[PDB]
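First comes the structure, then the notes that go with it.
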Amino acid sequence: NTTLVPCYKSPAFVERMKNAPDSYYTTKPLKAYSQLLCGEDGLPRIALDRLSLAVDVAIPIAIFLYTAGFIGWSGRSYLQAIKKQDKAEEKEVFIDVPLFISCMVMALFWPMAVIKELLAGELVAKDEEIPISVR
Amino acid sequence: XXXXXXXXXXXXXXXXXXXXXXXXXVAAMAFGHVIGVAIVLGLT
Amino acid sequence: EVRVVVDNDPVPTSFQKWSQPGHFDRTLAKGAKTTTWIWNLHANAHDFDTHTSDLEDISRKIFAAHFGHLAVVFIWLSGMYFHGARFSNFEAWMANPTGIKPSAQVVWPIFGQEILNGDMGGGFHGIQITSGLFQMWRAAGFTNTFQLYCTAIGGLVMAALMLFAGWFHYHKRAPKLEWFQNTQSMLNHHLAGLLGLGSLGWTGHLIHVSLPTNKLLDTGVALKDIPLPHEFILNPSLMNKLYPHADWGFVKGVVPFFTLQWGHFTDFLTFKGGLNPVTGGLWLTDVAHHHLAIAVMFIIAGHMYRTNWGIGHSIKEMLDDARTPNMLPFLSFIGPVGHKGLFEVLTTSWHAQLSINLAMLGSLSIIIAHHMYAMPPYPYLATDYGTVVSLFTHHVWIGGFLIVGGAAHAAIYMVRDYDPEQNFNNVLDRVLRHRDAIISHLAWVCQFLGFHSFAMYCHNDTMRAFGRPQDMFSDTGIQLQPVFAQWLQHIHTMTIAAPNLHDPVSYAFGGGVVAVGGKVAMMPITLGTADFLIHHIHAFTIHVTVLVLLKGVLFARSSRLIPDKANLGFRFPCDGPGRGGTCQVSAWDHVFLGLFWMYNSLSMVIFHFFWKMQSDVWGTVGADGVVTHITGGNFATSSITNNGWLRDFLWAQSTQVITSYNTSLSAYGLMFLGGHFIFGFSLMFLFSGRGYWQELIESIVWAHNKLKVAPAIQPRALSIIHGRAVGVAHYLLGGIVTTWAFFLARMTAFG
Amino acid sequence: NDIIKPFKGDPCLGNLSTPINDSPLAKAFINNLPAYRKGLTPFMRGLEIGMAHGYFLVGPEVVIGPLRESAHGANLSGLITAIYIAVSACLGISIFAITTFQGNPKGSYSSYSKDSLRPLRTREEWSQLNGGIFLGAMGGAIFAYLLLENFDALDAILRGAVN
Amino acid sequence: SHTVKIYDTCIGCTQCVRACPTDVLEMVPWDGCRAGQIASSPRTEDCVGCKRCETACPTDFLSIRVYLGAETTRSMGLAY
Amino acid sequence: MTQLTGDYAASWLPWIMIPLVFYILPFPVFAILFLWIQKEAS
Amino acid sequence: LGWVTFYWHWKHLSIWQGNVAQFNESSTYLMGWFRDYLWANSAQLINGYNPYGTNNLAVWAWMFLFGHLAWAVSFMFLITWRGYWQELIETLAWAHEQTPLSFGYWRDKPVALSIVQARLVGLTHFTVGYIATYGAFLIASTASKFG
Amino acid sequence: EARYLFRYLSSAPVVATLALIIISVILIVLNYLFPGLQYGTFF
Ligand code: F6C
Ligand code: CLA
Ligand code: CLA
Ligand SMILES: CC1=C(/C=C/C(C)=C/C=C/C(C)=C/C=C/C=C(C)/C=C/C=C(C)/C=C/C2=C(C)CCCC2(C)C)C(C)(C)CCC1
Ligand SMILES: CC1=C(/C=C/C(C)=C/C=C/C(C)=C\C=C/C=C(C)/C=C/C=C(C)/C=C/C2=C(C)CCCC2(C)C)C(C)(C)CCC1
Ligand SMILES: CC1=C(C/C=C(\C)CCC[C@H](C)CCC[C@H](C)CCCC(C)C)C(=O)c2ccccc2C1=O
Ligand SMILES: [Ca+2]
């Protein structure tokens with residue numbers, strides 16, 4: 001797309017700078033919006049061009065997907081940590097915070113943990129392990 | 001004050017409101033003020 | 001014989017049971033097999049009548065829990081005075097209480113929400129509060145923020161006493177049942193020691209703090225020349241230029257009370273009965289006289305019942321003597337038994353008491369709302385139009401929730417505490433024994449009013465659309481005049497028997513217009529056809545709310561469908577799909593439906609209020625005397641079609657909350673959308689059932705079993721009753737936040 | 001002792017003997033209304049019920065109807081309302097009689113029903129009722145129409161204006 | 001006129017009969033249980049359809065089914 | 001204008017059929033259609 | 001389809017009135033959908049009849065309010081369920097039997113309508129109120145700005 | 001006694017409520033990283 005131009009060269013967005021108070025919020029952030037692909041209305045936008053933004057449409061996605069899996073992995077690995085203890089019925093209502101923290105430090109390097117979960121055939125339960133309905 | 005003297009209202013209470021129900025274990029001298037003050041303020 | 005009897009250290013004080021939640025129920029205290037256990041732990045936390053069985057131990061929980069509740073109110077009261085102390089423009093608002101807007105609760109600069117700190121006048125940036133705290137602290141005599149702060153301190157230490165008193169009365173000295181069951185002694189102390197001494201204490205404050213302080217504040221002394229409230233008593237000569245007809249000395253100034261020469265008090269205990277025209281509130285001298293009259297009349301009331309000195313009344317056989325050898329002949333139909341066995345109802349069961357005490361605290365809260373607009377007691381209250389609406393609206397809603405809760409426990413009493421043997425042929429049993437004639441005639445009057453209130457709005461909506469405004473129920477078409485209410489408006493203004501009240505109480509009734517800061521404090525509120533029709537909407541919606549709630553009380557025990565509805569409990573979803581379907585037959589499900597009807601009824605009451613003030617009462621006065629109302633007589637002509645309600649009230653008056661972005665009213669715009677989300681979100685729980693949702697969890701539990709991440713707290717969809725409770729809790733939450741946002745954005749955009 | 005008894009002495013019946021349904025005055029009034037008067041053919045039951053209703057049904061349309069503004073046209077709009085309400089009402093009780101009396105009426109019109117509040121249980125009795133209700137509600141409507149269209153002529157003769 | 005069928009998975013726990021508000025169910029002798037009993041439904045025109053019998057059956061995916069069918073004057077519970 | 005008229009041909013025909021199919025015929029129709037749904041199967 | 005047709009209508013209502021920059025600058029947040037589409041374009045719909053007259057939108061203003069009632073009455077069949085109404089009809093059936101001069105009697109016993117039927121009766125009102133309200137909005141908000 | 005208390009403090013909701021209180025980096029991190037932080041801005 002070529003309708004989007006940087007807020008450097010955008011008549012509708014310098015007008016945003018002109019009538020801007022400061023107070024904390026419309027100078028320090030608004031200078032940083034000058035590097036964004038900026039529409040014909042003076043509004044920063046998220047476009048998907050090519051390698052020009054191929055790293056910037058990967059910083060949020062890598063930061064989220066890592067820490068979403070980090071929450072998911074620590075939460076998952078804490079569940080099997082207490083199923084094997086045979087105490088998982090009340091181990092869940094009363095969080096064992098030393099065990100849960102030790103399951104979080106296992107989840108820092110979770111992307112390489114899931115691979116050896118998968119390559120060991122251990123991440124995913126086999127189909128006739130799973131309670132199902134009549135079907 | 002001088003006159004007023006609403007001790008007649010209490011005397012008309014102690015000799016009348018001592019025929020209540022229990023009448024044992026004096027509120028007529030409490031009631032005689034309620035009647036007494038109301039009347040003297042009700043005729044001034 | 002009234003006595004103090006207590007136990008000694010009945011319940012130990014340890015955290016043994018904190019670590020094992022659900023201990024109060026044996027079913028809960030065996031493990032969390034499913035997530036239903038989590039919700040049952042909260043829906044049962046306060047039902048003390050199912051934790052234990054003996055009334056002695058139940059009543060000790062009630063009494064100790066009240067103390068922890070009073071602690072919570074004192075924490076909240078402390079927060080109000082603390083915010084009025086160091087986060088408010090209360091100092092500025094005392095100097096000029098017309099152009100300065102009341103505001104506590106400033107907003108932190110983060111997330112761009114500093115925009116909510118709007119300009120309040122005087123260079124203070126905050127949020128315009130509509131709680132009326134400032135108008136109440138001025139009437140209490142507060143002048144500086146140190147007095148507010150030390151009252152906040154005085155409330156935190158007062159909350160600590162409530163917490164200690166609750167622990168002390170459950171874990172150290174818990175009273176026995178004999179101490180609780182002498183309700184006849186409790187009435188003596190609550191009537192005399194609490195309400196009598198409380199209003200005697202307050203009229204002590206009014207005369208010695210509020211009356212002098214508000215005397216000088218009306219002459220414009222600007223918070224320098226205001227003496228501190230104690231300097232009025234340490235310097236008794238200071239209150240002789242004010243109220244000179246008294247004497248004002250320690251002993252020399254009080255003896256007119258004892259020698260009954262009360263004429264010296266006529267200058268500060270007046271009976272003017274109107275609105276103080278410089279502030280718009282009631283005369284504080286007239287208020288101080290009121291509390292003294294109330295105090296004397298409540299202390300007297302507290303000597304009615306018989307404690308251990310023989311003299312007094314016995315409620316027990318005042319009730320038992322309301323049989324029918326001795327009644328008026330026209331109401332002699334209530335049984336040879338009459339009221340026997342009914343003193344044991346209101347003594348051996350707390351739900352019987354809670355049902356009455358809620359239905360009267362709810363009705364009191366609505367009465368209070370009607371009285372604090374028609375005769376504002378606080379200085380500069382009536383002119384703060386955002387506070388008048390938000391105080392009426394708050395107390396109508398609070399009063400309507402409490403009324404529904406009085407009908408809840410009237411039904412929990414029936415299916416838990418109702419005893420057939422003590423209630424044979426008495427006044428309660430004879431109601432259940434004809435409960436089809438009560439509901440038939442309630443369901444008919446609900447339906448008579450439904451056509452004759454709402455369907456006349458659809459008559460008007462159709463003649464005005466046809467272009468026949470001369471055959472619509474207008475003031476110009478077929479007039480429906482409130483004949484019996486315009487008569488009372490005439491009675492209440494010609495009586496100024498009651499001759500001493502030379503100033504008409506409640507300018508609403510008639511006579512005069514009060515304009516304080518140019519804005520009208522109070523005007524006569526005339527009644528026309530639009531007020532006939534809106535008052536029968538009120539009658540209609542109140543009746544159906546009564547019909548829903550009374551049906552749940554009378555048919556709580558049994559019906560013709562389910563003769564054993566009492567064994568199923570108070571809170572059960574249904575009795576299966578038989579008999580065609582018995583969904584929502586419980587008494588709980590009539591509280592759940594009465595909550596919707598309370599919402600319908602009260603949201604029509606506050607809409608009747610909000611539009612009738614903007615069109616007929618509120619407004620501004622120019623330099624001639626004419627009043628330009630906020631909407632300008634809009635109610636009389638356009639509130640008679642419920643298209644007029646949608647365009648001249650809902651569409652027109654929402655301009656302030658719709659166009660509120662990028663302004664200080666921005667948060668009311670978000671709440672107004674937030675309330676719309678929650679209402680629509682509620683309908684997920686109301687329109688659907690948990691068979692769909694449980695069968696959806698199974699497909700989602702499978703996706704977790706596949707990745708070996710299933711929980712052992714098995715996910716269950718919410719109960720049928722739980723899902724109905726969630727639906728009504730969100731419908732009422734969302735539908736009120738949208739009304740709260742709409743009222744306050746409209747009236748903080750004006751004044 | 002108590003004034004509210006079980007209904008005719010049977011405690012199991014779903015009613016009460018109350019001053020409204022079982023009073024000497026209230027029984028005397030209701031049981032002599034034409035619906036319940038002993039000794040009436042069903043025609044005279046309906047004829048007297050009909051005329052009471054056709055008479056008052058012309059009222060609510062001649063003074064708050066759409067034609068109330070004029071005088072001669074108001075009375076037409078009130079009469080035809082009573083014509084239409086009664087014709088549709090008498091259509092209702094012809095089709096009520098057809099559909100309830102079909103061999104063993106399910107309900108209060110069974111042979112072994114012993115119900116006093118509705119004594120017309122035959123279909124020989126509901127057909128004269130229909131004729132009475134109709135011809136009554138028509139004559140009552142006309143009589144209230146003739147008295148209203150001649151109101152100026154009738155106001156004079158109850159004021160002595162005709163000498 | 002509902003249809004309360006009983007299946008061979010009963011254990012003679014007797015709980016289904018107690019829950020029935022209209023006495024449709026009763027126990028007959030049997031041999032497929034330690035209890036030697038099984039539920040039967042001789043009075044199903046009296047079945048109101050409440051399924052209160054199904055709530056009491058403890059066998060997983062319960063042995064007694066109410067099959068809501070042709071609803072008549074006594075299977076809908078009408079006092080009028 | 002202040003009346004219902006018709007420029008279209010046979011303008012007298014809505015004058016009678018709007019009363020017919022809407023408030024004169026339906027009550028006979030709802031009576032016939034009532035006699036059909038409540039007849040004994042003897 | 002109350003999102004598809006709302007989006008179709010507002011996008012075209014901005015092109016048709018020439019104010020294309022109204023949809024582009026205010027459809028990205030939900031208040032713009034609520035202030036610039038529903039509140040803005042209702043103005044001539046609800047003024048189809050006012051105290052001062054009546055115009056060609058008086059029927060659309062009436063069906064718009066008709067569909068609000070048909071929608072609201074759906075909530076009755078969807079929120080309150082069957083057994084509430086059977087205990088209330090059982091009471092009205094008592095009243096009819098015990099009252100004088102009421103000579104009619106039901107050929108078939110009045111019962112509260114069934115569970116799966118109210119879900120259908122309430123779904124019909126929700127649908128009719130969804131279609132009459134938006135049909136009246138869409139017709140009147142488009143045929144009033146324009147020809 | 002201070003053994004049952006510390007188990008209560010880590011039970012179910014107090015861990016969850018504290019977690020949401022501890023998840024208040026979105027208040028500190030977005031207070032001094034020039035609060036406006038949109039996707040193309042932060043590195
Ligand atoms: C015949 C038959 C019959 C009779 C007689 O016989 C009757 C009667 C009664 C009495 C007694 C009473 C009172 C009355 C009054 O007030 O008001 C009016 C109303 C009406 C409705 C009125 C009506 C009357 C008649 C019906 C008339 C006729 C009409 C025409 C004939 C039609 C036409 C025909 C053609 C074909 C269409 C009543 C009532 C009630 N309902 Mg009752 N009905 C009946 C029917 C029906 C049906 C179908 C239904 C469904 C819709 C119902 C419903 C109801 C309800 C909700 C209620 C109520 O609320 C009420 C009560 O409960 O109380 C308390 N219900 N209800
Ligand atoms: C706007 C939607 C709506 C409407 C019209 C109604 C209407 C009604 N409700 Mg309901 N309710 C609603 C929403 C609604 N409710 C919702 C959303 C809930 C959820 C909580 C409930 C819950 C509820 C309960 C629990 C109860 C009711 C009851 C009632 C009835 C009250 C009796 C009455 O008013 O007589 C008047 C009738 C009306 C006002 C309906 C409109 C009448 C129009 C204007 C006249 C029609 C003209 C003509 C007849 C048209 C026919 C022409 C022909 C061609 C068909 C009534 C029919 C109560 C009841 O049953 O009373 C005994 C009852 O207990 N409602
Ligand atoms: C289905 C197509 C259809 C529809 C929706 C209408 C609709 C209408 N017509 Mg009709 N009409 C039609 C076909 C239709 N017409 C045909 C083919 C003829 C030629 C004979 C006529 C001749 C006609 C006349 C003379 C008049 C109308 C009039 C009217 C209006 C008032 C209602 C009425 O009295 O009509 C009366 C009905 C008829 C005269 C017969 C039409 C019936 C058609 C032939 C079949 C309809 C049955 C349908 C297919 C089955 C569905 C039933 C059910 C499943 C819903 C109304 C807008 C009146 C008017 O002008 O309003 C101002 C008027 O007086 N129409
Ligand atoms: C309950 C009661 C009451 C009420 C009553 C009422 C309700 C009323 C009424 C009334 C009425 C409502 C009456 C009426 C009437 C009528 C009549 C009297 C009629 C008639 C008629 C005629 C005579 C007709 C004739 C004809 C024919 C038939 C045909 C041809 C034509 C002509 C016209 C000739 C009271 C309270 C008071 C008291 C007592 C009891
Ligand atoms: C990049 C890009 C894109 C695209 C994307 C795509 C298109 C994709 C895809 C993809 C795919 C195709 C996927 C997937 C999947 C499959 C599967 C099969 C899975 C899974 C998973 C799992 C297995 C998980 C696991 C886990 C974890 C990881 C952690 C937590 C725990 C759990 C277990 C959850 C976009 C445009 C957006 C943006 C820009 C660029
Ligand atoms: C949606 C819905 C459900 C499902 C409702 C559910 C599942 C409730 C959802 C609440 C969620 C599950 C809250 C859980 C919070 C977790 C503990 C996550 C917290 C973890 C962080 C704090 C770390 C019903 O069960 C239901 C029943 C009857 C009528 C209508 C409905 C209905 O509409
Ligand atoms: Ca007219």
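By order of appearance in the structure tokens: chains A, B, ..., then residues from 1 within every chain, and ligands from 1 in the order shown.
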
Excluding range 10-16 of chain C and any residue of its chain fewer than 4 positions from it, enumerate the residues within 8 Å of it, using only C-alpha atoms, and give them as a short mmCIF file (atom, residue, chain, number, x, y, z; two decimals) with N, CA and C atoms, in the first residue's frame.
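See out11.cif below for the written result:
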```
data_model
loop_
_atom_site.label_atom_id
_atom_site.label_comp_id
_atom_site.auth_asym_id
_atom_site.auth_seq_id
_atom_site.Cartn_x
_atom_site.Cartn_y
_atom_site.Cartn_z
N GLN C 20 -9.59 -23.86 55.74
CA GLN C 20 -10.52 -24.87 55.23
C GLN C 20 -11.85 -24.20 54.93
N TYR C 170 -18.71 -12.71 69.91
CA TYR C 170 -18.84 -14.04 69.35
C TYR C 170 -17.81 -14.97 69.95
N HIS C 171 -16.67 -14.42 70.38
CA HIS C 171 -15.57 -15.24 70.84
C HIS C 171 -15.25 -15.08 72.31
N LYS C 172 -15.72 -14.02 72.97
CA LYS C 172 -15.48 -13.83 74.39
C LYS C 172 -16.76 -13.90 75.21
N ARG C 173 -17.73 -13.03 74.95
CA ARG C 173 -18.97 -12.99 75.71
C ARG C 173 -20.12 -12.99 74.71
N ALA C 174 -20.53 -14.14 74.31
CA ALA C 174 -21.67 -14.22 73.41
C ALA C 174 -22.95 -14.34 74.22
N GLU H 1 -2.74 -18.86 65.22
CA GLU H 1 -1.54 -19.65 64.94
C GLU H 1 -1.11 -19.42 63.49
N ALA H 2 0.19 -19.24 63.28
CA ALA H 2 0.72 -18.76 62.01
C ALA H 2 1.20 -19.88 61.10
N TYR H 4 -1.74 -22.12 59.80
CA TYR H 4 -2.95 -22.14 59.00
C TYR H 4 -3.17 -20.83 58.25
N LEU H 5 -2.63 -19.73 58.77
CA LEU H 5 -2.80 -18.44 58.12
C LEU H 5 -2.05 -18.39 56.80
#
```

Long-range neighbours of residue 249 in chain C as a list in words, 12 Å cut-off, only C-alpha atoms, 5 positions minimum in chain: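 Returned residues: residues 232, 233, 234, 235, 236, 237, 238, 239, 240, 254, 255 and 256 of chain C.
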
Selection export as a short mmCIF file (atom, residue, chain, number, x, y, z; two decimals), in the first residue's frame, atoms kept: N, CA, C and O atoms:
```
data_model
loop_
_atom_site.label_atom_id
_atom_site.label_comp_id
_atom_site.auth_asym_id
_atom_site.auth_seq_id
_atom_site.Cartn_x
_atom_site.Cartn_y
_atom_site.Cartn_z
N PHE C 232 -18.38 29.10 70.36
CA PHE C 232 -19.74 29.52 70.66
C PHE C 232 -20.18 29.13 72.07
O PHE C 232 -21.11 29.74 72.60
N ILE C 233 -19.52 28.16 72.69
CA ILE C 233 -19.88 27.71 74.02
C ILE C 233 -18.91 28.24 75.07
O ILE C 233 -19.33 28.68 76.14
N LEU C 234 -17.61 28.21 74.78
CA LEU C 234 -16.64 28.90 75.64
C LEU C 234 -16.91 30.39 75.72
O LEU C 234 -16.62 31.01 76.75
N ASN C 235 -17.43 30.98 74.67
CA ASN C 235 -17.78 32.39 74.71
C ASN C 235 -19.29 32.51 74.58
O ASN C 235 -19.80 32.73 73.48
N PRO C 236 -20.04 32.34 75.68
CA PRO C 236 -21.50 32.42 75.59
C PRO C 236 -22.01 33.79 75.21
O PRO C 236 -23.13 33.90 74.70
N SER C 237 -21.22 34.84 75.44
CA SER C 237 -21.60 36.18 75.00
C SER C 237 -21.63 36.31 73.49
O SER C 237 -22.26 37.23 72.97
N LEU C 238 -20.96 35.40 72.79
CA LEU C 238 -20.92 35.45 71.33
C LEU C 238 -22.25 35.08 70.70
O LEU C 238 -22.49 35.47 69.55
N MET C 239 -23.11 34.35 71.40
CA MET C 239 -24.45 34.02 70.90
C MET C 239 -25.52 34.88 71.54
O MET C 239 -26.62 34.41 71.79
N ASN C 240 -25.22 36.13 71.86
CA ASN C 240 -26.28 37.05 72.26
C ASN C 240 -26.57 38.10 71.22
O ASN C 240 -27.68 38.62 71.18
N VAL C 254 -30.27 28.20 80.82
CA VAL C 254 -30.98 26.95 80.60
C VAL C 254 -32.28 26.87 81.39
O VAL C 254 -33.22 26.19 80.95
N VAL C 255 -32.39 27.59 82.50
CA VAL C 255 -33.57 27.57 83.36
C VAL C 255 -34.88 28.01 82.70
O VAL C 255 -35.93 27.66 83.25
N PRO C 256 -34.92 28.75 81.58
CA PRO C 256 -36.22 28.90 80.91
C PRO C 256 -36.83 27.59 80.46
O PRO C 256 -38.06 27.50 80.33
#
```

Contacts of range 51-54 of chain D within 6 Å, only C-alpha atoms, excl. fewer than 2 positions in-chain, as a ChimeraX atom specification: /D:48-49,56-57,82,136-137,140-141

Interface, chain F side, toward chain G (12 Å; only C-alpha atoms) as a compact mmCIF listing (two decimals) with C-alpha atoms, in the first residue's frame:
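File part_1.txt, as written:
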```
# COMPACT_ATOMS: atom_id res chain seq x y z
CA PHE F 34 -63.28 -22.34 15.78
CA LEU F 35 -66.03 -24.86 15.06
CA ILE F 37 -60.82 -27.13 15.82
CA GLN F 38 -63.29 -28.15 18.55
CA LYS F 39 -65.48 -30.87 17.06
CA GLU F 40 -65.94 -34.30 18.66
```

For ligand 6, collect every residue having any atom at a distance of at most 9 Å from a ligand atom (counting only C-alpha atoms and all ligand atoms); output as a PyMOL selection string. (chain C and resi 35+681-694+696-697+715-724+726-727) or (chain H and resi 12-13+15-20)

Pick out the residues sitting within 8 Å of residue 40 in chain B, and hand them over as a VMD selection string; count only C-alpha atoms, and ignore anything fewer than 3 positions along from it in its own chain. chain B and resid 4 6 36 to 37 43 to 44

Residues at most 10 Å from residue 456 in chain C, counting only C-alpha atoms, excluding those fewer than 4 positions away in the same chain, as an MDAnalysis selection string? chainID C and resid 450:452 460:462 472:473 533 640:642

For chain C, list the residues within 7 Å of chain E, counting only C-alpha atoms, and write the list as a list in words.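 Result, ordered by chain then number: residues 560, 561, 575, 576, 577, 578, 579 and 580 of chain C.
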
At a cut-off of 6 Å, using only C-alpha atoms, what residues contact range 27-44 of chain A? Leave out same-chain residues fewer than 5 positions from it and give the result as a PyMOL selection string. (chain A and resi 4-8+12-13+22) or (chain H and resi 34+36+41)

Give me a file of those residues, with N, CA and C atoms, as an mmCIF file, in the first residue's frame.
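Listing of selection_21.cif after writing:
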```cif
data_model
loop_
_atom_site.group_PDB
_atom_site.id
_atom_site.type_symbol
_atom_site.label_atom_id
_atom_site.label_comp_id
_atom_site.auth_asym_id
_atom_site.auth_seq_id
_atom_site.Cartn_x
_atom_site.Cartn_y
_atom_site.Cartn_z
ATOM 1 N N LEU A 4 -0.630 5.125 2.604
ATOM 2 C CA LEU A 4 -0.040 5.409 3.899
ATOM 3 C C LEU A 4 1.344 6.010 3.713
ATOM 4 N N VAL A 5 1.584 7.127 4.384
ATOM 5 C CA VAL A 5 2.866 7.816 4.354
ATOM 6 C C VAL A 5 3.302 7.989 5.800
ATOM 7 N N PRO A 6 4.594 8.108 6.086
ATOM 8 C CA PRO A 6 5.009 8.374 7.465
ATOM 9 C C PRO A 6 4.434 9.689 7.966
ATOM 10 N N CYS A 7 4.133 9.732 9.269
ATOM 11 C CA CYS A 7 3.726 10.984 9.901
ATOM 12 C C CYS A 7 4.759 12.105 9.794
ATOM 13 N N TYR A 8 5.992 11.829 9.356
ATOM 14 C CA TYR A 8 6.903 12.911 8.993
ATOM 15 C C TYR A 8 6.275 13.820 7.946
ATOM 16 N N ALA A 12 -2.218 16.230 7.772
ATOM 17 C CA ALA A 12 -3.244 16.062 8.789
ATOM 18 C C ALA A 12 -2.673 15.714 10.158
ATOM 19 N N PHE A 13 -1.404 15.322 10.239
ATOM 20 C CA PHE A 13 -0.824 14.930 11.518
ATOM 21 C C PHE A 13 0.041 16.001 12.160
ATOM 22 N N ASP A 22 0.529 19.230 26.785
ATOM 23 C CA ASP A 22 1.598 18.275 27.022
ATOM 24 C C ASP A 22 1.245 17.299 28.132
ATOM 25 N N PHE H 34 6.847 6.575 28.649
ATOM 26 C CA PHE H 34 6.122 7.601 27.900
ATOM 27 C C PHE H 34 4.753 7.098 27.459
ATOM 28 N N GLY H 36 2.032 6.502 26.060
ATOM 29 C CA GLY H 36 1.695 6.092 24.712
ATOM 30 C C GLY H 36 2.707 5.139 24.116
ATOM 31 N N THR H 41 5.896 1.767 17.811
ATOM 32 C CA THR H 41 6.747 2.689 18.554
ATOM 33 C C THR H 41 7.803 1.957 19.374
#
```

Ligand 7 neighbours within 12 Å using only C-alpha atoms and all ligand atoms, as a list in words: residues 463, 467, 468, 469, 470, 471, 472, 473, 474, 476, 477, 478 and 479 of chain C; 61, 62, 63, 64, 65, 66, 67, 68, 69, 70, 71, 73 and 74 of chain D

Would you please extract all strand (DSSP E) residues from chain G, as assigned by DSSP on the backbone, and give them as a PyMOL selection string? chain G and resi 49-50+53-54

Hey, list the chain G side of the contact with chain A: 10 Å cut-off, only C-alpha atoms, answer as a ChimeraX atom specification. /G:21,24-25

Would you mind listing, for every residue of chain C within 12 Å of ligand 1, the two atoms forming the shortest contact and the distance between them in Å to one decimal, using only C-alpha atoms and all ligand atoms, sorted by chain and ascending residue number, as JSON lines?
```
{"residue": "C:436", "atom": "CA", "partner": "ligand 1", "partner_atom_place_in_ligand_line": "64 (C)", "distance": 9.8}
{"residue": "C:437", "atom": "CA", "partner": "ligand 1", "partner_atom_place_in_ligand_line": "64 (C)", "distance": 8.1}
{"residue": "C:438", "atom": "CA", "partner": "ligand 1", "partner_atom_place_in_ligand_line": "64 (C)", "distance": 9.5}
{"residue": "C:439", "atom": "CA", "partner": "ligand 1", "partner_atom_place_in_ligand_line": "64 (C)", "distance": 8.4}
{"residue": "C:440", "atom": "CA", "partner": "ligand 1", "partner_atom_place_in_ligand_line": "64 (C)", "distance": 4.7}
{"residue": "C:441", "atom": "CA", "partner": "ligand 1", "partner_atom_place_in_ligand_line": "64 (C)", "distance": 4.9}
{"residue": "C:442", "atom": "CA", "partner": "ligand 1", "partner_atom_place_in_ligand_line": "64 (C)", "distance": 7.8}
{"residue": "C:443", "atom": "CA", "partner": "ligand 1", "partner_atom_place_in_ligand_line": "59 (O)", "distance": 5.5}
{"residue": "C:444", "atom": "CA", "partner": "ligand 1", "partner_atom_place_in_ligand_line": "59 (O)", "distance": 4.0}
{"residue": "C:445", "atom": "CA", "partner": "ligand 1", "partner_atom_place_in_ligand_line": "59 (O)", "distance": 7.6}
{"residue": "C:446", "atom": "CA", "partner": "ligand 1", "partner_atom_place_in_ligand_line": "59 (O)", "distance": 8.0}
{"residue": "C:447", "atom": "CA", "partner": "ligand 1", "partner_atom_place_in_ligand_line": "59 (O)", "distance": 6.0}
{"residue": "C:448", "atom": "CA", "partner": "ligand 1", "partner_atom_place_in_ligand_line": "16 (O)", "distance": 7.5}
{"residue": "C:449", "atom": "CA", "partner": "ligand 1", "partner_atom_place_in_ligand_line": "59 (O)", "distance": 10.9}
{"residue": "C:450", "atom": "CA", "partner": "ligand 1", "partner_atom_place_in_ligand_line": "59 (O)", "distance": 10.7}
{"residue": "C:451", "atom": "CA", "partner": "ligand 1", "partner_atom_place_in_ligand_line": "17 (O)", "distance": 10.6}
```

One decimal, Å: what's the distance from CA of residue 230 in chain C over to CA of residue 85 in chain C, could you say?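 Between these atoms lies a distance of 19.6 Å.
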